[PDB]
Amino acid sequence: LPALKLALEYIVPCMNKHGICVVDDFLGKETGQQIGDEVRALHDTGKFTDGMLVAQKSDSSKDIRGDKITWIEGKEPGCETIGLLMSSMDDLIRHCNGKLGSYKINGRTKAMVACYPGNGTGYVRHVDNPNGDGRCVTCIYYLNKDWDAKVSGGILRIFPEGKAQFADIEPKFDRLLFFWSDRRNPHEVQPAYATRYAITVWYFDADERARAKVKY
């Protein structure tokens, strides 16, 4: 599917109506598996952090850590298919521009690659951008082959429009997810009992980002 068709016929109407959009089979099995291989190699060669401190504990031997991260620009050797994914995300957003709300998107973060180690940790309920830091759209790509949430957990639960009625999104292989980054979409990751990977980029709105500059 050409990016403009996906954008105009699906992403733009889904985002403006619901603030959330799920695209399955985004890149196809071959590219999806190559991204998986690159992320696993990052993991196996120690490129991730040790994980978010979950419980601090007076005996630090008992510390519990959760999601581990690494920031990826997309041009590093061994990361060029992650770079292909990132360019594919940009292609979609570029073909949306002027139609995602009244936002004018003019940049994005590097990719945050996340690894949940499977030790029963998740991610607490939160809003990505609660305080106007410039980020207007969250984009997540999942790469977990044959993920079964009834067995392994790890559901992303989003509370669309902030209301208590929630949407449960499995972190399925080759699934792409967009949602508004602000308080319209509080969300959380339920405990994961197997290794769970995801790649996130955030897109900036020009006006909000130009003002966040003075909030820094």
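All residue numbers refer to positions in the sequence shown, first residue = 1.
Averaged over CA atoms, B-factors in the entry run higher in 160-168 than in the other of 23-31 and 160-168. The PDB entry records a higher mean C-alpha B factor for 7-15 than for its counterpart among 198-206 and 7-15. Sorting 185, 190, 58, 70 by the CA temperature factor given in the entry leaves 58 at the top. In the PDB entry, the Cα temperature factor peaks, among 151, 177, 39, 155, at 151. In the deposited entry, the Cα temperature factor of residue 96 places it in the highest third of its chain's modelled residues.
Compared with the other modelled residues of the chain, the Cα B-factor recorded for residue 131 ranks in the highest third. Among the modelled residues of the chain, residue 45 sits in the highest third by CA temperature factor in this PDB entry. Split the chain's modelled residues into thirds by C-alpha temperature factor. Residue 75 is in the highest one. For residue 145, the recorded CA temperature factor ranks within the highest third of the chain's modelled residues.
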